[PDB]
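Since the structure comes first, as structure tokens, the remarks are kept for the end.
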Amino acid sequence: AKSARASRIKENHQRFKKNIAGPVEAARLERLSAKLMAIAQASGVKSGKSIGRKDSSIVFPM
Amino acid sequence: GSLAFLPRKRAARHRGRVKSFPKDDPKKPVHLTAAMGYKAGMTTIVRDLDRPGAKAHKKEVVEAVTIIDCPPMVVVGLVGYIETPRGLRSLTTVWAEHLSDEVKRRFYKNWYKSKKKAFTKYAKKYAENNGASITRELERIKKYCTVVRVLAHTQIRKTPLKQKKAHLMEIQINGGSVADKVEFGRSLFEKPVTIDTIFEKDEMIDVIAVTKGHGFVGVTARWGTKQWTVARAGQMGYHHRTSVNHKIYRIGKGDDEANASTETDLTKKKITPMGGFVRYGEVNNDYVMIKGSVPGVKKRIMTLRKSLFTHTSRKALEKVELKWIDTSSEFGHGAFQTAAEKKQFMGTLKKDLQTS
RNA sequence: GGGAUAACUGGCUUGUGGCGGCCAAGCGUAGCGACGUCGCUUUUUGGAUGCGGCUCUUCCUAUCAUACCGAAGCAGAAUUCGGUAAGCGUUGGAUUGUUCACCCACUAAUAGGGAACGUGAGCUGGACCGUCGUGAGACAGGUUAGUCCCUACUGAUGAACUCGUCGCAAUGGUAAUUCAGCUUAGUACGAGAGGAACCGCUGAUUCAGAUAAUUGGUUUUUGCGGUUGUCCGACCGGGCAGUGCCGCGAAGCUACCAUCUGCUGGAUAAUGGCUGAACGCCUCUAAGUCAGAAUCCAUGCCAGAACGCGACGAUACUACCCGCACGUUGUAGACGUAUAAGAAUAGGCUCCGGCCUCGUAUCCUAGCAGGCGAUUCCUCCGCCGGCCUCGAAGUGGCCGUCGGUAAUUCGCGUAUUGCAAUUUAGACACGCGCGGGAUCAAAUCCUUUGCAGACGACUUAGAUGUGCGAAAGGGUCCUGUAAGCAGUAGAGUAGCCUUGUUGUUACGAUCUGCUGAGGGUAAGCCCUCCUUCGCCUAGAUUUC
RNA sequence: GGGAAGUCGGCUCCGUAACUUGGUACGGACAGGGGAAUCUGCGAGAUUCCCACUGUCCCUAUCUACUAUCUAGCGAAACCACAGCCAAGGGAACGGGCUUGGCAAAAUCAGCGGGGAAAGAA
RNA sequence: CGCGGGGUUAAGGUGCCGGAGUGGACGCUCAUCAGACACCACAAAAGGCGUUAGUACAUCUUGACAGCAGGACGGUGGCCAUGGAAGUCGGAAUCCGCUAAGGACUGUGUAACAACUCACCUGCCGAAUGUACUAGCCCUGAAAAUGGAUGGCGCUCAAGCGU
């Protein structure tokens, strides 16, 4: 019996993944993400545009 | 036993953690990975099987299915992580405004005697023109992070449980640029997300839970007998498990009023068994109906997540035509789907005359 | 009877016999002598054996099977020999005192060994004297030796780092296995008989991890009913027989007696190649490189370092931040603790002229431990702000104010620390102070819960609520038709008066009706619109 | 009580008539019971299944004996040079302290299947 | 070999652990668990298309080795044997001519031929080769079973080997 980690079995799984499950899950994800989007859309320093500082060690203290 | 589930220890946390989200690429659409629910029980069904090559092909088979009460989860935060030579590091998290009493209960341990003062300064940070700082945190997530997760909590006060403390977890966002994921989460703030929005029917998922404990049990039941390699006595049960490849057979909407009805059985009935789920109650919310047994006791917190790998089987590409769902009593040998059926079968009674 | 020796093997052991002749590079100047070949064993017709057995852990490969290869008249199928492989599995019968061989059944196959003088752990099936003899032994003649704790492992708690929530993942563990059926296909192949395989599909064995809808089993639900003996005077309702006995029996627990799930990348070995030298042919190899095993390392999976790390929430005192006064406060060890390209080394850099052994280089480097004033200078520092920048464990640029400043020269002061005595001078940390700003929290005990449990521990609830608790009602399950009354239904047991062709009056098993009634129902079932009653902002400890 | 294993296991007499006290012909009777069920209308009721032995093994049943966590109180003994983590090496089949490496973090609870026990040699 | 201070050595060492050299000169070796003083054993007249040094013999501008382009012929399908056997299923002899050279043939091949190829020869090319041994270093020259040992790290123009 071919092991579950056999190279030929892995290649067959890769082909099956790429030619059937790929498209099926892509369509499923498109619909689900559509529903997610439906529910979702249902000065620099003084404004936050410039990402500034909020509020053991890696170096030796001098 | 297996030397792969050792150090046979009690689960460090009751919730159970995902430990691995599926790998992310920007080409897919933006979506959430995981969800949460509470085990209500399990029941019996009949499926018209279409497994080309099987002896039960084009035949009716009887199957056991587990039912998960899934009230909509609420998004209350957004966390951003960065890649480092030591792994992923949580760079920063920005919460939502108007957190719920249930998530604040999650934060507190003695909620009754406490002054309920959590996140008040953070709400003031929203309101008092520190929104510059909050936008700065969002932009830091946009420009520095590689993976984004969203903070979401369940609705106990809809779940028929004595508990009042909710459950937080991070659900990873996949399929897009970091900016797209940040905008998605920020827009998802203060909004309920549904299980039919995260998953749908016909899809195999992975269930993370803590399997039931049995206390100090000897080797006879701990391993299955007649150095770490030698069977020893100790804790058996209460173990974190991730069970893979469980088929989502149905998602019931809770407000449908005909959740258990199929296109073959024209009975306006819901999923809750006649008399209620034993030790759980009634399912009045969105529920997930999945094949087979699942780790965890009734009313236990459960994590439902997407499969890590694209599937390699025809059982994952199949449609599930349901014929009927059992709603008889689980409290004993029940033979009636509805109280109306029981009354029609047994006629009228002495107490019926006395009351009427 | 005396003397010596008193254990013994310990880079031991394995696949190829010994003897004689011939040949024989050599050594040698006759003798030693391998590989072969000849002669003997040995040829012209097809039982042996005289400590064993079973279970479990781990390891070896000297591999029986499964995976991949090389060869064989290997047509196909079935195979044989050999190579890489220990990832994964690895019997029974007959017989015998036991074992083996042979022989016989399954099976994919039903390999061999080690645990180191005690064959890992567990279980099981005599010599000294005395006497009498000696062609030789005998003695119920005596004597004699018979040496509950620490730790490993397996689980469970845990102090200090304020409590808490959400995470990361160093390291350690690691898992799947074999068979069958369908299609390919009665195809390739074959005279015939026969007869595959790759892709694709569906099941089953073993192993592993879960789960209880269903289906069995289990019953202290002592839940309901029947029944034996005795007792409470009888009915009813019950006690006793360490759970009397029987039947059903939820809940819980269980069961390959039930059901569910078991996942994918890279690099390799044998081997097969590409380009191409050594060596003007050639060559898979030397430089370079392609594929390839159930192998190796990882992902998926389990744990999480209790002295590994991160994000966020709220932080009463304390001191939470700031200014500056310091500390007779700590430091595996300031004293200019100064200096960022990348990349090659059979090459590189650049200002595009040229330069590169060489960091014995560049910057900085003067002043009472660094004073005061002036001539003169726009040079180098510094602190605050503004705009922006830096996320691998988070900083720097420009501008702006203000502050200091030998690039040149000069004046006034240095003395006395007495001829040297660490030139107490930096940094980070922590403490104690002042005067300015800000804030008014949690955990534990306790009661409670059963998603948990040896006990800790864990999931919960406890401040007014979609609250908690006790009852009740309804629902759902279990049992199987309560007590009592009545009907001439009533098998039967007896009185009235006289014949009864229909005589009456009483009792009465059993039957039927009221009665799927009666009882139990969460103790680890379900629901409650004001169903009823009650409870409640506590009291003790601890925390920067 | 049940299951399993092995077996070679399952499935003539009375009266009557002639003959030499005994035989001969004739007539009649013989060559089951128990338990569990199914089918037709209790019925000649019809049909189905199980009955064994053993110096064998296992399980169920009864009896006997030892079997027991925490709390309050009370309360010993055995034994004790000092100790207790490993691997290699340490000529004298010798390691526990030595060499050099793996490492190594307070205080505990429970389980326990390993170690802390063994020769003397013809 | 009394208790102390100073100096210098031995055997052994100088990549810290570890005091003293990543000291100097000339070479050699890459090992799929090298070696670091074991040289006793396995172990042989052993296997190596690893590498370096050397001894002997032989061929070379009269053109050596390797290659490429060509020849490789005739008596003769020599004798015997075979159903068939022509150099090439088999036994034995194995000569001559033409020669530059060519075996009564070294392999592939045919039923037997035919055909190809080797031996040998010539042309092109152009300068050193090729056979056996010897001596160093290196690979093999046999190994089981808890995880471990040049003392450990590690070391490759060495931190290995010789002077």
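Quick note on labels: first sequence line is chain A, next is B, and so on, each numbered from 1. All heavy atoms count here, side chains included; hydrogens, waters and symmetry mates do not.
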Q: Tell me, please, which residues at least two apart from B:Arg300 pass side-chain contact (heavy atoms from CB on, under 4.5 Å).
A: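 Partners of B:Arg300 by the side-chain contact (heavy atoms from CB on, under 4.5 Å) criterion, ordered by chain and then number, come out as B:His14, B:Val210, B:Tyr238, B:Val297.
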Q) What pairs with B:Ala258 under side-chain contact (heavy atoms from CB on, under 4.5 Å), at least two apart in sequence or on another chain? A) B:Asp256, B:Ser261, B:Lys268
Q) Starting at the 5' end of RNA chain C, which residue's closest nucleotide do you reach first, B:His311 or B:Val278? A) B:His311
Q | 5' precedence on RNA chain C between B:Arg241 and A:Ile51 (nearest-nucleotide basis) | A |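 Nearer the 5' end of the strand: B:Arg241.
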Counting only Watson-Crick pairs (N1-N3 plus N6-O4 or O6-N4) and G-U wobbles (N1-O2, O6-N3), all under 3.5 Å, who is the partner of [N]?
{"N": "C:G276", "value": "none"}
{"N": "C:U222", "value": "none"}
{"N": "C:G534", "value": "C:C468"}
{"N": "E:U129", "value": "E:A58"}

Q: Please list all pairs passing the side-chain hydrogen bond (donor to acceptor under 3.5 Å, both in side chains) test where one or both residues lie in residues 204-220 of chain B, with sequence neighbours left out.
A: B:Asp206-B:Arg305
Q. Do C:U134 and C:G31 make a Watson-Crick or G-U wobble pair, both distances under 3.5 Å?
A.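 No; nothing between C:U134 and C:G31 satisfies the definition, which requires both distances under 3.5 Å.
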Q. Watson-Crick or G-U wobble, both distances under 3.5 angstrom: are C:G252 and C:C398 paired?
A. no
Could you run through [range] and give me one letter per nucleotide, 5' to 3': B if any protein heavy atom sits under 4.0 Å from the base, S if only the sugar-phosphate is that close, - if neither?
{"range": "nucleotides 314-323 of chain C", "answer": "SS--------"}
{"range": "nucleotides 155-162 of chain C", "answer": "SSS-----"}
{"range": "nucleotides 462-479 of chain C", "answer": "BBS-BSSS-----BBSS-"}

Other residues, nucleotides, ligands: >12 heavy atoms within 6.0 Å of [X] [atom1]:
{"X": "A:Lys54", "atom1": "NZ", "value": "yes"}
{"X": "B:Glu83", "atom1": "CD", "value": "no"}
{"X": "B:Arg186", "atom1": "CZ", "value": "no"}

Q.
What I want to find out is whether B:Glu318 reaches B:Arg51 closely enough, with some N-O distance under 4.0 Å, to be called a salt bridge.
A. yes
Is the phosphate of [N], meaning OP1 or OP2, less than 4.0 Å from a side-chain N or O of [X]?
{"X": "A:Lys54", "N": "C:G394", "value": "no"}
{"X": "B:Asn245", "N": "C:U261", "value": "no"}
{"X": "B:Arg15", "N": "C:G167", "value": "yes"}
{"X": "B:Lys291", "N": "C:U261", "value": "yes"}

For residues 60-69 of chain B, tabulate all N or O donor-acceptor pairs below 3.5 Å that involve a side-chain atom, not counting sequence neighbours.
residue	atom	partner	partner atom	Å
B:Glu60	OE2	B:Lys323	NZ	3.0
B:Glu63	OE1	B:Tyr249	OH	2.8
B:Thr66	OG1	B:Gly292	O	2.6
B:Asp69	OD2	B:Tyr280	OH	3.0

Q.
Listing request: all ring pair (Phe, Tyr, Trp, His ring centres under 6.0 Å) pairs with a residue in residues 284-338 of chain B, at least two apart in sequence or in separate chains.
A.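 Found B:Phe336-B:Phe345.
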Q. Applying ring pair (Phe, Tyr, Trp, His ring centres under 6.0 Å), which residue pairs with at least one partner in residues 34-53 of chain B are found, sequence neighbours left out?
A. B:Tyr38-B:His167
Let me have the donor-acceptor pairs involving side chains of residues 133-146 of chain B, under 3.5 Å, with sequence neighbours excluded, atom names and distances please.
residue	atom	partner	partner atom	Å
B:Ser133	OG	B:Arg136	NH2	2.6
B:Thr135	OG1	B:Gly131	O	2.9
B:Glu137	OE1	B:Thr92	OG1	3.1
B:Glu137	OE1	B:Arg140	NE	3.3
B:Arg140	NH2	A:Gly52	O	2.8
B:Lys142	NZ	B:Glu183	OE2	2.3

Going by atom type alone, with no hydrogens or angles, which donor-acceptor pairs under 3.5 Å involve a side-chain atom of residues 223-233 of chain B and a protein atom two or more places apart or on another chain?
residue	atom	partner	partner atom	Å
B:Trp223	NE1	B:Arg232	O	2.8
B:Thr225	OG1	B:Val219	O	3.4

Q) Side-chain donor-acceptor pair under 3.5 Å between B:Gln354 and B:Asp352, yes or no? A)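 No - no donor-acceptor pair under 3.5 Å links their side chains.
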Q) Donor-acceptor pair under 3.5 Å: do we get one between B:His14's side chain and the base of C:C451? A)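 Present.
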Q. Among residues 18-28 of chain B, which contact RNA chain C at a heavy-atom distance under 4.0 Å?
A. B:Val18, B:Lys19, B:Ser20
